Amino acid sequence: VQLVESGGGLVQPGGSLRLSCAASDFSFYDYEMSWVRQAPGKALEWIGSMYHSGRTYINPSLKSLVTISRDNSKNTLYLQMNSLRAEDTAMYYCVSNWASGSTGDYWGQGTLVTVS
Amino acid sequence: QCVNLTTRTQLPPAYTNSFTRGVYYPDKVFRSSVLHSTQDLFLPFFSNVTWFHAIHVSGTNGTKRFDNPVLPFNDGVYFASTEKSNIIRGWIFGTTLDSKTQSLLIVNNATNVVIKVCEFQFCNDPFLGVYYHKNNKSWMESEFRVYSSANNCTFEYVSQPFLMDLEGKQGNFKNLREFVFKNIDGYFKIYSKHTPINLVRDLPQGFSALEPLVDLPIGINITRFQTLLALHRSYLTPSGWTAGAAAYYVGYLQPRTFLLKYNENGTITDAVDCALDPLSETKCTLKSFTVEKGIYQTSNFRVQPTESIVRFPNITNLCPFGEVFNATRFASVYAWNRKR
Amino acid sequence: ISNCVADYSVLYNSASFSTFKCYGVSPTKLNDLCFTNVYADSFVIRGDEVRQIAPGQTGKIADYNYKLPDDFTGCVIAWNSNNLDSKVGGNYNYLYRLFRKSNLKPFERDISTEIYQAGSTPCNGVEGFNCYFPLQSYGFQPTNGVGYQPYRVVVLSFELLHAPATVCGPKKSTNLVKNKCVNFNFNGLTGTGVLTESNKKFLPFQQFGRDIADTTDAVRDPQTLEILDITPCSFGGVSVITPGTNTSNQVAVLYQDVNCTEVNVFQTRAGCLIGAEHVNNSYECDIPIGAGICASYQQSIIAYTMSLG
Ligand SMILES: *[C@@H]1O[C@H](CO)[C@@H](O[C@@H]2O[C@H](CO)[C@@H](O)[C@H](O)[C@H]2NC(C)=O)[C@H](O)[C@H]1NC(C)=O
Ligand SMILES: *[C@@H]1O[C@H](CO)[C@@H](O)[C@H](O)[C@H]1NC(C)=O
Ligand SMILES: *[C@@H]1O[C@H](CO)[C@@H](O)[C@H](O)[C@H]1NC(C)=O
Ligand SMILES: *[C@@H]1O[C@H](CO)[C@@H](O)[C@H](O)[C@H]1NC(C)=O
Ligand SMILES: *[C@@H]1O[C@H](CO)[C@@H](O)[C@H](O)[C@H]1NC(C)=O
């Protein structure tokens with residue numbers, strides 16, 4: 001897959017977690033990016049999104065623990081979620097060209113996380 | 001990708017003539033035992049077909065050099081080639097062969113022929129070649145070195161391949177694929193078939209009506225062409241590119257009147273050009289392939305004018321306009337002023 | 001959409017439909033008029049602001065995001081999708097927009113999101129007060145109002161470019177009946193005649209045959225791919241054989257070269273002779289008919305075979 005994520009594992013309730021997925025060309029991130037996760041038994045739960053300039057809007061339902069850092073030369077973006085609870089034993093995904101439509105986005109694979 | 005090798009050789013083409021070649025079915029109408037006369041775009045009998053030579057492998061010491069330039073194409077081309085090895089890959093139909101202009105691509109890809117049309121961004125010199133892939137056990141004949149990147153186009157046509165390796169017998173066929181690509185009223189027509197022929201060079205005396213196999217509904221006013229020839233990478237044998245050779249033809253159609261014979265099964269067996277010889281003109285007027293003895297009035301011949309003559313009197317440097325258009329005041333409607 | 005068939009008739013019976021709104025294009029004759037290209041649309045917009053997509057109207061969505069053609073080559077097509085995107089707790093996922101620069105020309109597809117100044121305070125890369133973010137959340141719930149729930153608004157637009165046939169309707173088809181005078185339309189080959197199967201060595205690329213003097217006689221079926229003959233059914237002049245209005249009034253009507261099998265009865269080489277008894281006598285030829293047969297009045301009209309002498 002052209003998009004891989006690093007991070008996760010068995011963490012005591014309350015720890016931190018990170019995911020890293022990167023690209024190469026400056027113009028590949030035109031223009032929208034976001035994040036998503038599918039917990040087993042849970043529907044889609046979008047969190048946040050941002051444009052090229054970096055203006056962000058976050059879903060007010062779970063907007064209390066959102067912190068994102070972005071890069072351009074490295075062509076990266078990181079969704080940082082802290083305070084790992086017991087309801088995150090699922091797989092995550094970062095997406096490039098998220099808003100482009102049904103056939104304008106590329107998906108990923110994620111990593112397994114164990115939470116007690 | 002986007003790599004150039006043009007070389008030098010420009011050896012002249014030894015002009016040859018096609019005896020009876022370029023006879024086509026300019027309709028989808030069945031006809032049995034009727035001699036029908038048509039006034040369509042055809043290739044005149046016994047005309048100079050450009051005996052082009054592809055990349056010259058003259059064997060004393062290498063020196064492979066390319067002979068695939070851009071030519072002016074009026075209406076169509078009669079294209080034929082032996083290529084016992086599968087060398088010809090496709091065509092680079094276009095108008096300016098640069099950006100900002102639409103172009104047509106034909107590809108062999110002998111699993112599925114691709115007729116692709118996209119506003120590509122061609123690099124400097126377009127050619128072919130073969131490189132490694134290091135995976136999947138495949139080889140690279142990408143025409144993206146011809147077609148750098150496409151944008152603002154959604155024209156694609158992939159069908160059952162017509163340019164197979166239908167030799168299957170290793171000799172006496174030579175896959176003499178004969179083509180005409182003609183543009184009519186913003187519509188593209190292609191006709192072709194395979195002919196087995198034993199001659200080394202030139203063209204034979206045989207007659208073979210050439211059937212259609214695809215019609216393209218796009219509408220590009222194509223002006224400039226280009227052929228493609230398969231090439232292979234140079235290896236450690238005492239950046240290397242483009243090893244190969246071929247031999248291909250180029251023709252040009254002319255508006256002509258043609259009389260065509262039809263078999264009882266609808267297959268065209270013979271044809272006559274109605275503008276070559278007075279004898280052939282006699283056949284067309286009588287609508288028969290055998291004329292009995294006598295004297296027949298075929299047509300009228302007059303000698304045409306040569307130049308142009310214009311004669312005007314010695315009146316110059318006068319323009320009496322404005323005194324009637326830009327006058328201060330005009331007369332009343334019932335008392336209009338008539339200025340001679 | 002190009003080199004396809006846009007089944008509009010199917011599209012009238014494809015999904016849930018509530019509101020038809022057409023302007024400049026007839027809604028009943030979409031299949032007949034073949035178009036060139038179709039650029040499909042799919043609105044996700046509450047019905048309150050949908051009615052603003054028209055000249056002489058302004059709105060945050062109609063004249064800002066994605067503009068329909070002024071000369072509407074299509075219809076303002078909006079339906080209802082109340083059962084698509086409803087979730088409990090409020091669907092705050094989709095994106096609003098606050099403001100943009102100014103009025104825009106038709107067909108301006110916006111991708112960039114340059115920062116906007118609201119008053120005398122400049123942004124210069126600053127987001128916040130007087131420099132608003134271009135995103136805000138929606139609200140969708142199964143318990144929300146129908147109007148504020150999402151709508152499936154798939155607006156279809158057409159084009160009359162000068163291009164070969166690329167978009168048109170299906171036009172359907174019918175069945176085939178043989179040995180009867182019918183009216184046929186095989187891809188434009190309109191005519192009347194008798195259709196019967198024939199054995200003609202048609203080439204695969206050849207559609208319909210034609211004999212001398214350009215008289216189509218054979219056509220290949222577009223579906224079964226069979227060779228069918230074409231010939232006009234029986235016609236001809238009608239002649240009347242009478243002994244004059246001085247001896248009787250009985251007449252015999254002759255249909256020239258029309259077989260008696262189709263509309264006493266006697267069949268000749270000149271055609272069926274209706275109203276004349278055939279007798280094996282032979283006298284002088286009184287009323288000439290043809291082919292050595294000619295009738296006479298005895299106590300009825302009887303057709304002989306004329307005696308030479
Ligand atoms: C049909 O043919 C040509 C293909 O290029 C196009 O119009 C031409 O544009 C060039 C500009 O460099 C002119 O040199 C040619 O004279 C133009 N052709 C003609 C017939 O005028 C375009 O695709 C089409 N042009 C027309 C008039 O239909
Ligand atoms: C072909 O060209 C050569 C010279 O270029 C000329 O001698 C010859 O007559 C031409 N033949 C035909 C059929 O045009
Ligand atoms: C066209 O569709 C009909 C559907 O019944 C099918 O029977 C027929 O075989 C099709 N035509 C050809 C040449 O296959
Ligand atoms: C006309 O009628 C005769 C009756 O003998 C029959 O033999 C024939 O088949 C019919 N049709 C034609 C074309 O003659
Ligand atoms: C008259 O001709 C036909 C035979 O072809 C038949 O109706 C009948 O047998 C004949 N009658 C007499 C008296 O010959």
# chains A, B, ... in the order shown; residues from 1 in each chain; ligands from 1
$ residues_near_ligand --ligand "ligand 2" --cutoff "10 Å" --atoms "only C-alpha atoms and all ligand atoms" --output "number ranges by chain"
B: 13-19, 44-50
$ interface_residues --of "chain A" --to "chain C" --cutoff "7 Å" --atoms "only C-alpha atoms" --output "PDB file with N, CA and C atoms, in the first residue's frame"
ATOM      1  N   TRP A  46     -16.384  10.736  12.063  1.00  0.00           N
ATOM      2  CA  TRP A  46     -15.417  11.717  11.593  1.00  0.00           C
ATOM      3  C   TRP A  46     -15.038  12.657  12.730  1.00  0.00           C
ATOM      4  N   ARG A  55      -6.515  25.592   8.260  1.00  0.00           N
ATOM      5  CA  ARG A  55      -7.706  25.892   9.045  1.00  0.00           C
ATOM      6  C   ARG A  55      -8.475  24.607   9.328  1.00  0.00           C
ATOM      7  N   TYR A  57     -11.659  22.357  11.370  1.00  0.00           N
ATOM      8  CA  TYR A  57     -12.946  22.229  12.037  1.00  0.00           C
ATOM      9  C   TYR A  57     -13.067  20.809  12.567  1.00  0.00           C
ATOM     10  N   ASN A  59     -15.478  17.835  14.784  1.00  0.00           N
ATOM     11  CA  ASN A  59     -16.809  17.403  15.184  1.00  0.00           C
ATOM     12  C   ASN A  59     -17.025  17.712  16.662  1.00  0.00           C
TER      13      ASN A  59
END
$ residues_near_ligand --ligand "ligand 4" --cutoff "9 Å" --atoms "only C-alpha atoms and all ligand atoms" --output "PyMOL selection string"
chain C and resi 258-262+267
$ residues_near_ligand --ligand "ligand 1" --cutoff "10 Å" --atoms "only C-alpha atoms and all ligand atoms" --output "MDAnalysis selection string"
chainID B and resid 94:96 101:102 185:186 219:224
$ atom_distance --atom1 "CA of residue 194 (chain B)" --atom2 "CA of residue 174 (chain B)"
9.1 Å
$ interface_residues --of "chain B" --to "chain C" --cutoff "12 Å" --atoms "only C-alpha atoms" --output "number ranges by chain"
B: 25-37, 153-157, 184-188, 191, 210-220, 262-268
$ residues_near_ligand --ligand "ligand 3" --cutoff "7 Å" --atoms "only C-alpha atoms and all ligand atoms" --output "PyMOL selection string"
chain C and resi 223-225
$ residues_around --residues "residue 70 (chain A)" --least-positions-apart "6" --cutoff "12 Å" --atoms "only C-alpha atoms" --output "list in words"
residues 20, 21, 22, 29, 33, 34, 49, 50, 51, 52, 53, 54, 55, 56, 76, 77, 78, 79 and 80 of chain A
$ residues_near_ligand --ligand "ligand 5" --cutoff "8 Å" --atoms "only C-alpha atoms and all ligand atoms" --output "ChimeraX atom specification"
/C:278-280
$ residues_around --residues "region 10-14 of chain A" --least-positions-apart "5" --cutoff "10 Å" --atoms "only C-alpha atoms" --output "VMD selection string"
chain A and resid 82 to 89 112 to 116
$ write_last_selection --atoms "N, CA and C atoms" --output "CSV table (one decimal), in the first residue's frame"
chain,number,residue,atom,x,y,z
A,82,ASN,N,-4.7,11.3,22.6
A,82,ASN,CA,-4.1,11.0,23.9
A,82,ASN,C,-5.2,10.4,24.8
A,83,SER,N,-4.8,10.0,26.0
A,83,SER,CA,-5.7,9.4,27.0
A,83,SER,C,-6.4,8.2,26.5
A,84,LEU,N,-5.6,7.2,26.1
A,84,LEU,CA,-6.1,6.0,25.5
A,84,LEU,C,-7.0,5.3,26.5
A,85,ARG,N,-8.3,5.2,26.2
A,85,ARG,CA,-9.3,4.5,27.0
A,85,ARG,C,-9.4,3.1,26.6
A,86,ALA,N,-10.4,2.4,27.0
A,86,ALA,CA,-10.6,0.9,26.8
A,86,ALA,C,-11.4,0.7,25.5
A,87,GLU,N,-11.8,1.7,24.8
A,87,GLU,CA,-12.6,1.6,23.6
A,87,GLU,C,-11.9,2.0,22.3
A,88,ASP,N,-10.6,1.6,22.2
A,88,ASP,CA,-9.8,1.9,21.0
A,88,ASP,C,-9.1,0.6,20.5
A,89,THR,N,-9.7,-0.5,20.6
A,89,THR,CA,-9.1,-1.8,20.1
A,89,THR,C,-9.6,-2.0,18.7
A,112,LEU,N,-3.0,-2.7,14.6
A,112,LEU,CA,-3.8,-3.2,15.7
A,112,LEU,C,-3.4,-2.5,17.0
A,113,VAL,N,-4.4,-2.2,17.9
A,113,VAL,CA,-4.2,-1.7,19.2
A,113,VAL,C,-5.0,-2.5,20.2
A,114,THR,N,-4.4,-2.8,21.3
A,114,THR,CA,-5.0,-3.5,22.4
A,114,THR,C,-5.2,-2.6,23.6
A,115,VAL,N,-6.4,-2.5,24.1
A,115,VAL,CA,-6.7,-1.7,25.3
A,115,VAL,C,-7.5,-2.5,26.3
A,116,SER,N,-7.2,-2.3,27.6
A,116,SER,CA,-7.9,-3.0,28.6
A,116,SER,C,-8.9,-2.1,29.4
$ select_by_dssp --residues "region 196-309 of chain C" --states "strand (DSSP E)" --output "VMD selection string"
chain C and resid 196 to 197 208 to 209 218 to 220 227 to 231 238 to 241 252 to 256 265 to 267 271 to 274 277 to 278 287 to 290 293 to 297 301 to 303
$ write_last_selection --atoms "N, CA and C atoms" --output "short mmCIF file (atom, residue, chain, number, x, y, z; two decimals), in the first residue's frame"
data_model
loop_
_atom_site.label_atom_id
_atom_site.label_comp_id
_atom_site.auth_asym_id
_atom_site.auth_seq_id
_atom_site.Cartn_x
_atom_site.Cartn_y
_atom_site.Cartn_z
N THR C 196 -39.33 -11.91 -45.63
CA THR C 196 -39.18 -13.36 -45.60
C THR C 196 -37.70 -13.71 -45.52
N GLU C 197 -37.41 -14.84 -44.89
CA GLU C 197 -36.03 -15.28 -44.72
C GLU C 197 -35.43 -15.68 -46.06
N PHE C 208 -27.15 -4.33 -45.16
CA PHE C 208 -28.32 -4.52 -46.00
C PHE C 208 -27.92 -4.53 -47.47
N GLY C 209 -28.46 -5.50 -48.21
CA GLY C 209 -28.16 -5.65 -49.62
C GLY C 209 -28.92 -4.66 -50.48
N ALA C 218 -32.54 -6.98 -49.35
CA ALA C 218 -32.12 -7.82 -48.23
C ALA C 218 -31.57 -6.95 -47.12
N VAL C 219 -31.96 -7.26 -45.88
CA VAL C 219 -31.50 -6.55 -44.70
C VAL C 219 -31.18 -7.56 -43.60
N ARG C 220 -30.08 -7.34 -42.89
CA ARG C 220 -29.73 -8.17 -41.75
C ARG C 220 -30.44 -7.67 -40.50
N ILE C 227 -30.67 -13.01 -42.54
CA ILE C 227 -30.85 -12.37 -43.84
C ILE C 227 -32.32 -12.47 -44.23
N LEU C 228 -32.98 -11.32 -44.33
CA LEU C 228 -34.41 -11.24 -44.61
C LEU C 228 -34.63 -10.51 -45.93
N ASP C 229 -35.42 -11.11 -46.81
CA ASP C 229 -35.74 -10.48 -48.08
C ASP C 229 -36.74 -9.35 -47.88
N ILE C 230 -36.77 -8.45 -48.87
CA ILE C 230 -37.72 -7.34 -48.90
C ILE C 230 -38.30 -7.26 -50.30
N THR C 231 -39.63 -7.24 -50.40
CA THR C 231 -40.31 -7.08 -51.67
C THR C 231 -41.68 -6.48 -51.40
N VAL C 238 -56.46 -2.57 -62.32
CA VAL C 238 -57.73 -3.28 -62.26
C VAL C 238 -58.48 -3.00 -63.55
N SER C 239 -58.82 -4.07 -64.27
CA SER C 239 -59.51 -3.96 -65.55
C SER C 239 -60.90 -4.58 -65.43
N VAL C 240 -61.83 -4.07 -66.23
CA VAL C 240 -63.22 -4.51 -66.23
C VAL C 240 -63.55 -5.04 -67.62
N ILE C 241 -64.09 -6.25 -67.67
CA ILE C 241 -64.49 -6.89 -68.92
C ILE C 241 -66.01 -6.86 -68.98
N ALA C 252 -66.78 -8.75 -65.39
CA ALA C 252 -65.74 -9.56 -64.77
C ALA C 252 -64.53 -8.67 -64.54
N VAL C 253 -64.08 -8.61 -63.29
CA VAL C 253 -62.97 -7.75 -62.89
C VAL C 253 -61.69 -8.56 -62.92
N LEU C 254 -60.68 -8.05 -63.62
CA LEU C 254 -59.39 -8.69 -63.73
C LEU C 254 -58.35 -7.87 -62.99
N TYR C 255 -57.61 -8.52 -62.09
CA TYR C 255 -56.52 -7.89 -61.36
C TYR C 255 -55.22 -8.29 -62.03
N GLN C 256 -54.55 -7.33 -62.66
CA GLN C 256 -53.38 -7.64 -63.46
C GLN C 256 -52.25 -8.16 -62.58
N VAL C 265 -63.56 -17.96 -59.74
CA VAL C 265 -62.22 -17.39 -59.73
C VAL C 265 -61.35 -18.20 -60.69
N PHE C 266 -60.67 -17.51 -61.60
CA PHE C 266 -59.81 -18.13 -62.59
C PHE C 266 -58.46 -17.42 -62.58
N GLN C 267 -57.38 -18.20 -62.62
CA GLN C 267 -56.02 -17.68 -62.61
C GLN C 267 -55.42 -17.82 -64.00
N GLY C 271 -53.18 -12.43 -64.80
CA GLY C 271 -53.74 -12.14 -63.49
C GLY C 271 -55.04 -12.88 -63.26
N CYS C 272 -55.50 -12.79 -62.01
CA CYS C 272 -56.73 -13.46 -61.63
C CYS C 272 -57.94 -12.79 -62.26
N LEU C 273 -58.83 -13.60 -62.81
CA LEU C 273 -60.05 -13.13 -63.46
C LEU C 273 -61.24 -13.56 -62.60
N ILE C 274 -61.83 -12.60 -61.89
CA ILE C 274 -62.93 -12.86 -60.97
C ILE C 274 -64.24 -12.53 -61.67
N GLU C 277 -66.60 -17.75 -65.97
CA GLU C 277 -66.54 -19.20 -65.97
C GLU C 277 -65.54 -19.69 -67.01
N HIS C 278 -64.71 -20.65 -66.62
CA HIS C 278 -63.72 -21.23 -67.53
C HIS C 278 -64.35 -22.39 -68.28
N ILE C 287 -63.31 -10.38 -76.60
CA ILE C 287 -62.76 -9.35 -75.74
C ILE C 287 -61.35 -9.79 -75.34
N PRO C 288 -60.30 -9.19 -75.90
CA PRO C 288 -58.94 -9.69 -75.66
C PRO C 288 -58.50 -9.44 -74.23
N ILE C 289 -57.95 -10.48 -73.59
CA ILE C 289 -57.44 -10.40 -72.23
C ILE C 289 -55.92 -10.47 -72.21
N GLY C 290 -55.35 -11.55 -72.70
CA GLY C 290 -53.91 -11.70 -72.77
C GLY C 290 -53.48 -13.14 -72.63
N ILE C 293 -55.67 -16.09 -73.76
CA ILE C 293 -56.97 -16.24 -73.12
C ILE C 293 -57.75 -14.96 -73.35
N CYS C 294 -59.01 -15.09 -73.77
CA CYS C 294 -59.87 -13.92 -73.93
C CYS C 294 -61.32 -14.36 -73.83
N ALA C 295 -62.12 -13.54 -73.14
CA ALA C 295 -63.47 -13.90 -72.76
C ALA C 295 -64.49 -13.44 -73.80
N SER C 296 -65.74 -13.85 -73.60
CA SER C 296 -66.85 -13.49 -74.47
C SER C 296 -68.15 -13.69 -73.71
N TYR C 297 -69.21 -13.08 -74.21
CA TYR C 297 -70.54 -13.19 -73.62
C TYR C 297 -71.36 -14.20 -74.41
N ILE C 301 -70.35 -14.34 -68.56
CA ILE C 301 -69.01 -14.09 -69.05
C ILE C 301 -68.19 -15.36 -68.90
N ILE C 302 -67.65 -15.86 -70.00
CA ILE C 302 -66.86 -17.08 -70.01
C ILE C 302 -65.55 -16.82 -70.74
N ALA C 303 -64.45 -17.32 -70.19
CA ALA C 303 -63.12 -17.09 -70.72
C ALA C 303 -62.64 -18.31 -71.49
#
$ residues_around --residues "region 80-92 of chain B" --least-positions-apart "6" --cutoff "8 Å" --atoms "only C-alpha atoms" --output "list in words"
residues 103, 104, 105, 106, 107, 108, 109, 165, 174, 175, 176, 177, 178, 179, 225, 226, 227, 228, 229, 230, 231, 244, 245, 246, 247, 248, 249 and 250 of chain B
$ write_last_selection --atoms "C-alpha atoms" --output "PDB file, in the first residue's frame"
ATOM      1  CA  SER B 103      -4.276  13.763 -30.251  1.00  0.00           C
ATOM      2  CA  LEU B 104      -5.199  10.190 -31.170  1.00  0.00           C
ATOM      3  CA  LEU B 105      -3.262   7.111 -30.033  1.00  0.00           C
ATOM      4  CA  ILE B 106      -3.405   3.572 -31.398  1.00  0.00           C
ATOM      5  CA  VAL B 107      -1.592   0.845 -29.450  1.00  0.00           C
ATOM      6  CA  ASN B 108      -1.049  -2.828 -30.225  1.00  0.00           C
ATOM      7  CA  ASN B 109      -0.612  -4.284 -26.712  1.00  0.00           C
ATOM      8  CA  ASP B 165       0.364 -12.123 -34.610  1.00  0.00           C
ATOM      9  CA  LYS B 174       4.626 -11.569 -43.356  1.00  0.00           C
ATOM     10  CA  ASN B 175       1.411  -9.943 -42.007  1.00  0.00           C
ATOM     11  CA  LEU B 176       1.161  -7.297 -44.707  1.00  0.00           C
ATOM     12  CA  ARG B 177      -1.310  -5.189 -42.724  1.00  0.00           C
ATOM     13  CA  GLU B 178      -2.724  -2.567 -45.101  1.00  0.00           C
ATOM     14  CA  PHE B 179      -4.557   0.452 -43.685  1.00  0.00           C
ATOM     15  CA  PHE B 225       1.020  11.369 -37.994  1.00  0.00           C
ATOM     16  CA  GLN B 226       3.859   9.298 -36.561  1.00  0.00           C
ATOM     17  CA  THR B 227       4.645   5.580 -36.454  1.00  0.00           C
ATOM     18  CA  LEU B 228       5.944   3.480 -33.566  1.00  0.00           C
ATOM     19  CA  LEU B 229       8.609   0.778 -33.740  1.00  0.00           C
ATOM     20  CA  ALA B 230       9.429  -1.748 -31.024  1.00  0.00           C
ATOM     21  CA  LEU B 231      12.870  -1.316 -29.465  1.00  0.00           C
ATOM     22  CA  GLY B 244      15.482  -2.398 -33.510  1.00  0.00           C
ATOM     23  CA  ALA B 245      14.642  -2.153 -37.192  1.00  0.00           C
ATOM     24  CA  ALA B 246      11.609  -2.259 -39.475  1.00  0.00           C
ATOM     25  CA  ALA B 247      10.260  -1.298 -42.912  1.00  0.00           C
ATOM     26  CA  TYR B 248       7.021   0.626 -43.451  1.00  0.00           C
ATOM     27  CA  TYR B 249       5.082   2.380 -46.212  1.00  0.00           C
ATOM     28  CA  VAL B 250       3.307   5.733 -46.507  1.00  0.00           C
TER      29      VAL B 250
END
$ residues_around --residues "region 4-10 of chain C" --least-positions-apart "3" --cutoff "6 Å" --atoms "only C-alpha atoms" --output "list in words"
residues 13, 166, 167, 168 and 169 of chain C
$ atom_distance --atom1 "CA of residue 72 (chain B)" --atom2 "CA of residue 54 (chain B)"
17.9 Å
$ residues_around --residues "residue 250 (chain C)" --least-positions-apart "6" --cutoff "10 Å" --atoms "only C-alpha atoms" --output "PyMOL selection string"
chain C and resi 241-244+275-276+297+299-301
$ write_last_selection --atoms "N, CA, C and O atoms" --output "PDB file, in the first residue's frame"
ATOM      1  N   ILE C 241     -64.088  -6.254 -67.671  1.00  0.00           N
ATOM      2  CA  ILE C 241     -64.486  -6.892 -68.919  1.00  0.00           C
ATOM      3  C   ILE C 241     -66.006  -6.860 -68.981  1.00  0.00           C
ATOM      4  O   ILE C 241     -66.684  -7.504 -68.173  1.00  0.00           O
ATOM      5  N   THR C 242     -66.547  -6.116 -69.938  1.00  0.00           N
ATOM      6  CA  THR C 242     -67.984  -5.938 -70.047  1.00  0.00           C
ATOM      7  C   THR C 242     -68.443  -6.187 -71.475  1.00  0.00           C
ATOM      8  O   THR C 242     -67.707  -5.912 -72.428  1.00  0.00           O
ATOM      9  N   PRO C 243     -69.646  -6.730 -71.652  1.00  0.00           N
ATOM     10  CA  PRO C 243     -70.235  -6.844 -72.993  1.00  0.00           C
ATOM     11  C   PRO C 243     -71.031  -5.626 -73.437  1.00  0.00           C
ATOM     12  O   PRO C 243     -71.760  -5.721 -74.429  1.00  0.00           O
ATOM     13  N   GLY C 244     -70.912  -4.505 -72.739  1.00  0.00           N
ATOM     14  CA  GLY C 244     -71.650  -3.307 -73.073  1.00  0.00           C
ATOM     15  C   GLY C 244     -72.962  -3.199 -72.315  1.00  0.00           C
ATOM     16  O   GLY C 244     -73.549  -4.187 -71.875  1.00  0.00           O
ATOM     17  N   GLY C 275     -65.142 -13.499 -61.711  1.00  0.00           N
ATOM     18  CA  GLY C 275     -66.434 -13.317 -62.326  1.00  0.00           C
ATOM     19  C   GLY C 275     -66.580 -13.876 -63.722  1.00  0.00           C
ATOM     20  O   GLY C 275     -67.395 -13.358 -64.493  1.00  0.00           O
ATOM     21  N   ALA C 276     -65.823 -14.913 -64.074  1.00  0.00           N
ATOM     22  CA  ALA C 276     -65.904 -15.502 -65.401  1.00  0.00           C
ATOM     23  C   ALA C 276     -65.722 -17.008 -65.292  1.00  0.00           C
ATOM     24  O   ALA C 276     -64.807 -17.482 -64.615  1.00  0.00           O
ATOM     25  N   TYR C 297     -69.211 -13.075 -74.208  1.00  0.00           N
ATOM     26  CA  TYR C 297     -70.537 -13.193 -73.617  1.00  0.00           C
ATOM     27  C   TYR C 297     -71.363 -14.199 -74.407  1.00  0.00           C
ATOM     28  O   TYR C 297     -71.589 -14.018 -75.608  1.00  0.00           O
ATOM     29  N   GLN C 299     -74.868 -17.838 -71.025  1.00  0.00           N
ATOM     30  CA  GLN C 299     -75.541 -16.587 -70.695  1.00  0.00           C
ATOM     31  C   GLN C 299     -74.806 -15.851 -69.581  1.00  0.00           C
ATOM     32  O   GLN C 299     -75.425 -15.323 -68.657  1.00  0.00           O
ATOM     33  N   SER C 300     -73.481 -15.821 -69.677  1.00  0.00           N
ATOM     34  CA  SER C 300     -72.640 -15.146 -68.696  1.00  0.00           C
ATOM     35  C   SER C 300     -71.298 -14.846 -69.354  1.00  0.00           C
ATOM     36  O   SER C 300     -71.115 -15.063 -70.556  1.00  0.00           O
ATOM     37  N   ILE C 301     -70.355 -14.343 -68.563  1.00  0.00           N
ATOM     38  CA  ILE C 301     -69.005 -14.085 -69.052  1.00  0.00           C
ATOM     39  C   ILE C 301     -68.190 -15.361 -68.896  1.00  0.00           C
ATOM     40  O   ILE C 301     -68.054 -15.891 -67.788  1.00  0.00           O
TER      41      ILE C 301
END
$ atom_distance --atom1 "CA of residue 297 (chain B)" --atom2 "CA of residue 21 (chain B)"
28.9 Å
